[PDB]
Amino acid sequence: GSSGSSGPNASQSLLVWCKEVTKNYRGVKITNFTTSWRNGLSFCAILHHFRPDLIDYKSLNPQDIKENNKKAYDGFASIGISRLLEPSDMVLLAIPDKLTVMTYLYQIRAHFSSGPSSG
């Protein structure tokens with residue numbers, strides 16, 4: 001299907017965008033958009049790709065669900081990426097909202113790679 005830069009959106013496109021910037025990472029397996037991020041690994045991995053001096057992904061781990069998340073929102077929202085997901089929530093529950101998470105993700109991917117123009 002052809003699309004003249006008319007709101008670029010897709011499932012694979014994303015799962016790939018993240019797996020790409022994290023291609024040369026350790027412990028980064030974007031298998032799902034609920035758990036894979038539940039902790040906040042991919043979130044820190046991505047931000048680390050562009051600016052590895054923004055987070056501590058260098059010495060991070062899946063043992064941190066709230067932090068890993070907070071750290072991200074702190075950096076991403078630092079450039080101007082409105083925060084949609086919360087770090088605590090992830091802990092308050094077991095599995096996050098695929099719909100929500102994905103939504104927030106698209107934003108980040110959009111920032112670095114222009115595309116969607118909401119508003």
# chains A, B, ... in the order shown; residues from 1 in each chain; ligands from 1
call {"tool": "select_by_dssp", "arguments": {"residues": "segment 51-110 of chain A", "states": "alpha helix (DSSP H)", "output": "VMD selection string"}}
result
chain A and resid 66 to 79 87 to 92 98 to 110
call {"tool": "write_last_selection", "arguments": {"atoms": "N, CA and C atoms", "output": "compact mmCIF listing (two decimals), in the first residue's frame"}}
result
# COMPACT_ATOMS: atom_id res chain seq x y z
N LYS A 66 9.47 0.65 38.10
CA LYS A 66 9.11 2.05 38.30
C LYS A 66 10.23 2.97 37.82
N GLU A 67 11.43 2.77 38.36
CA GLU A 67 12.58 3.58 37.98
C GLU A 67 12.78 3.56 36.47
N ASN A 68 13.17 2.41 35.94
CA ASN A 68 13.40 2.26 34.51
C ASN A 68 12.43 3.13 33.71
N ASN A 69 11.17 3.14 34.14
CA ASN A 69 10.14 3.93 33.46
C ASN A 69 10.33 5.42 33.74
N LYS A 70 10.42 5.77 35.01
CA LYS A 70 10.60 7.16 35.41
C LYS A 70 11.78 7.79 34.68
N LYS A 71 12.91 7.08 34.68
CA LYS A 71 14.11 7.57 34.01
C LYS A 71 13.80 8.01 32.59
N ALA A 72 13.05 7.18 31.87
CA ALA A 72 12.68 7.49 30.49
C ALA A 72 11.87 8.78 30.41
N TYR A 73 10.66 8.75 30.96
CA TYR A 73 9.79 9.91 30.95
C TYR A 73 10.57 11.18 31.29
N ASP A 74 11.59 11.04 32.13
CA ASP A 74 12.42 12.17 32.53
C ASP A 74 13.24 12.68 31.35
N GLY A 75 13.80 11.76 30.58
CA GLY A 75 14.61 12.14 29.43
C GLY A 75 13.76 12.51 28.23
N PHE A 76 12.89 11.60 27.82
CA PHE A 76 12.02 11.84 26.68
C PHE A 76 11.27 13.16 26.82
N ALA A 77 10.59 13.33 27.94
CA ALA A 77 9.84 14.55 28.20
C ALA A 77 10.77 15.75 28.35
N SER A 78 12.07 15.48 28.38
CA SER A 78 13.07 16.54 28.52
C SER A 78 13.19 17.34 27.23
N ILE A 79 13.06 16.66 26.10
CA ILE A 79 13.15 17.30 24.80
C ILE A 79 11.82 17.91 24.39
N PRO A 87 5.30 5.45 35.55
CA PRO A 87 6.22 4.42 36.04
C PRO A 87 5.61 3.58 37.15
N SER A 88 4.93 4.24 38.08
CA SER A 88 4.30 3.55 39.20
C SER A 88 3.23 2.57 38.71
N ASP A 89 2.31 3.08 37.90
CA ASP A 89 1.24 2.25 37.35
C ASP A 89 1.75 0.85 37.01
N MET A 90 2.79 0.79 36.18
CA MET A 90 3.37 -0.48 35.78
C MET A 90 3.48 -1.43 36.97
N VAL A 91 3.88 -0.88 38.12
CA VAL A 91 4.04 -1.68 39.33
C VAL A 91 2.69 -1.93 39.99
N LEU A 92 1.85 -0.89 40.04
CA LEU A 92 0.53 -1.00 40.65
C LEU A 92 -0.25 -2.17 40.06
N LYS A 98 -1.74 -2.23 26.34
CA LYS A 98 -1.12 -2.26 25.02
C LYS A 98 -1.49 -1.01 24.22
N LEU A 99 -2.76 -0.64 24.27
CA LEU A 99 -3.25 0.53 23.54
C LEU A 99 -2.53 1.79 24.01
N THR A 100 -2.46 1.98 25.32
CA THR A 100 -1.80 3.14 25.90
C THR A 100 -0.32 3.17 25.54
N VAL A 101 0.41 2.15 26.00
CA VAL A 101 1.84 2.06 25.72
C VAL A 101 2.15 2.42 24.28
N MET A 102 1.61 1.63 23.35
CA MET A 102 1.83 1.87 21.93
C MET A 102 1.67 3.35 21.59
N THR A 103 0.60 3.96 22.10
CA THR A 103 0.34 5.37 21.85
C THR A 103 1.55 6.23 22.21
N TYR A 104 2.04 6.07 23.43
CA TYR A 104 3.20 6.83 23.90
C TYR A 104 4.41 6.56 23.01
N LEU A 105 4.65 5.29 22.72
CA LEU A 105 5.79 4.90 21.89
C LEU A 105 5.79 5.68 20.57
N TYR A 106 4.69 5.59 19.83
CA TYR A 106 4.57 6.28 18.56
C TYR A 106 5.14 7.69 18.65
N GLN A 107 4.82 8.38 19.75
CA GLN A 107 5.30 9.74 19.96
C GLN A 107 6.82 9.81 19.82
N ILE A 108 7.52 9.06 20.67
CA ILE A 108 8.98 9.04 20.64
C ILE A 108 9.50 8.78 19.23
N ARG A 109 9.06 7.68 18.64
CA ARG A 109 9.48 7.32 17.29
C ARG A 109 9.21 8.46 16.31
N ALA A 110 8.13 9.19 16.55
CA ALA A 110 7.76 10.31 15.69
C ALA A 110 8.74 11.47 15.86
call {"tool": "atom_distance", "arguments": {"atom1": "atom CA of residue 9 of chain A", "atom2": "atom CA of residue 115 of chain A"}}
result
8.8 Å
call {"tool": "closest_residue", "arguments": {"among": "A:93, A:60, A:30, A:84", "to": "residue 16 of chain A", "atoms": "only C-alpha atoms"}}
result
A:30
call {"tool": "residues_around", "arguments": {"residues": "residue 41 of chain A", "least_positions_apart": "3", "cutoff": "10 Å", "atoms": "only C-alpha atoms", "output": "list in words"}}
result
residues 27, 28, 29, 30, 35, 36, 37, 38, 44, 45, 46, 57, 60, 61, 62, 63, 64, 65, 68, 69 and 72 of chain A
call {"tool": "write_last_selection", "arguments": {"atoms": "N, CA and C atoms", "output": "PDB file, in the first residue's frame"}}
result
ATOM      1  N   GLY A  27      20.061  -7.792  26.214  1.00  0.00           N
ATOM      2  CA  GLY A  27      18.828  -8.034  26.942  1.00  0.00           C
ATOM      3  C   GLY A  27      17.670  -7.215  26.410  1.00  0.00           C
ATOM      4  N   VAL A  28      17.702  -6.918  25.115  1.00  0.00           N
ATOM      5  CA  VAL A  28      16.647  -6.135  24.483  1.00  0.00           C
ATOM      6  C   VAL A  28      15.887  -6.966  23.456  1.00  0.00           C
ATOM      7  N   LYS A  29      14.817  -7.616  23.902  1.00  0.00           N
ATOM      8  CA  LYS A  29      14.002  -8.444  23.022  1.00  0.00           C
ATOM      9  C   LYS A  29      12.555  -7.957  23.004  1.00  0.00           C
ATOM     10  N   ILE A  30      12.268  -7.002  22.126  1.00  0.00           N
ATOM     11  CA  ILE A  30      10.924  -6.453  22.007  1.00  0.00           C
ATOM     12  C   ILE A  30       9.940  -7.511  21.518  1.00  0.00           C
ATOM     13  N   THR A  35       4.645  -6.272  28.325  1.00  0.00           N
ATOM     14  CA  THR A  35       5.666  -6.643  29.296  1.00  0.00           C
ATOM     15  C   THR A  35       7.027  -6.077  28.906  1.00  0.00           C
ATOM     16  N   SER A  36       7.456  -6.370  27.682  1.00  0.00           N
ATOM     17  CA  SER A  36       8.742  -5.893  27.188  1.00  0.00           C
ATOM     18  C   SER A  36       9.026  -4.480  27.689  1.00  0.00           C
ATOM     19  N   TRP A  37       7.968  -3.697  27.864  1.00  0.00           N
ATOM     20  CA  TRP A  37       8.102  -2.325  28.338  1.00  0.00           C
ATOM     21  C   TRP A  37       7.639  -2.201  29.785  1.00  0.00           C
ATOM     22  N   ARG A  38       6.816  -3.150  30.222  1.00  0.00           N
ATOM     23  CA  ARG A  38       6.300  -3.145  31.586  1.00  0.00           C
ATOM     24  C   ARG A  38       7.365  -2.666  32.568  1.00  0.00           C
ATOM     25  N   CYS A  44      14.500   2.778  28.079  1.00  0.00           N
ATOM     26  CA  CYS A  44      15.815   3.316  28.409  1.00  0.00           C
ATOM     27  C   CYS A  44      16.821   3.009  27.305  1.00  0.00           C
ATOM     28  N   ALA A  45      16.666   1.848  26.676  1.00  0.00           N
ATOM     29  CA  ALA A  45      17.560   1.437  25.602  1.00  0.00           C
ATOM     30  C   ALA A  45      17.504   2.416  24.434  1.00  0.00           C
ATOM     31  N   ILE A  46      16.291   2.772  24.024  1.00  0.00           N
ATOM     32  CA  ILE A  46      16.102   3.702  22.918  1.00  0.00           C
ATOM     33  C   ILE A  46      16.774   5.041  23.204  1.00  0.00           C
ATOM     34  N   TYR A  57      21.208   3.247  31.617  1.00  0.00           N
ATOM     35  CA  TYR A  57      20.978   1.938  31.019  1.00  0.00           C
ATOM     36  C   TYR A  57      22.254   1.101  31.032  1.00  0.00           C
ATOM     37  N   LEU A  60      21.745  -0.680  34.211  1.00  0.00           N
ATOM     38  CA  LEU A  60      20.345  -0.910  34.550  1.00  0.00           C
ATOM     39  C   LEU A  60      20.025  -2.401  34.561  1.00  0.00           C
ATOM     40  N   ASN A  61      18.752  -2.727  34.758  1.00  0.00           N
ATOM     41  CA  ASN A  61      18.314  -4.118  34.789  1.00  0.00           C
ATOM     42  C   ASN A  61      16.793  -4.208  34.865  1.00  0.00           C
ATOM     43  N   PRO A  62      16.250  -5.374  34.482  1.00  0.00           N
ATOM     44  CA  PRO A  62      14.804  -5.616  34.499  1.00  0.00           C
ATOM     45  C   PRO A  62      14.249  -5.710  35.916  1.00  0.00           C
ATOM     46  N   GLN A  63      15.115  -5.497  36.902  1.00  0.00           N
ATOM     47  CA  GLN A  63      14.710  -5.559  38.301  1.00  0.00           C
ATOM     48  C   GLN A  63      14.030  -4.262  38.728  1.00  0.00           C
ATOM     49  N   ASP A  64      14.062  -3.266  37.849  1.00  0.00           N
ATOM     50  CA  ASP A  64      13.449  -1.974  38.135  1.00  0.00           C
ATOM     51  C   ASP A  64      12.321  -1.679  37.152  1.00  0.00           C
ATOM     52  N   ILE A  65      11.095  -1.635  37.663  1.00  0.00           N
ATOM     53  CA  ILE A  65       9.930  -1.361  36.830  1.00  0.00           C
ATOM     54  C   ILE A  65       9.544   0.113  36.891  1.00  0.00           C
ATOM     55  N   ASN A  68      13.169   2.408  35.938  1.00  0.00           N
ATOM     56  CA  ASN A  68      13.399   2.262  34.506  1.00  0.00           C
ATOM     57  C   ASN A  68      12.427   3.125  33.708  1.00  0.00           C
ATOM     58  N   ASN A  69      11.169   3.142  34.136  1.00  0.00           N
ATOM     59  CA  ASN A  69      10.142   3.927  33.462  1.00  0.00           C
ATOM     60  C   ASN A  69      10.327   5.416  33.737  1.00  0.00           C
ATOM     61  N   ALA A  72      13.050   7.182  31.869  1.00  0.00           N
ATOM     62  CA  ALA A  72      12.681   7.486  30.492  1.00  0.00           C
ATOM     63  C   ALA A  72      11.873   8.777  30.413  1.00  0.00           C
TER      64      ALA A  72
END
call {"tool": "residues_around", "arguments": {"residues": "residue 49 of chain A", "least_positions_apart": "5", "cutoff": "9 Å", "atoms": "only C-alpha atoms", "output": "JSON, numbers by chain"}}
result
{"A": [21, 22, 25, 44]}
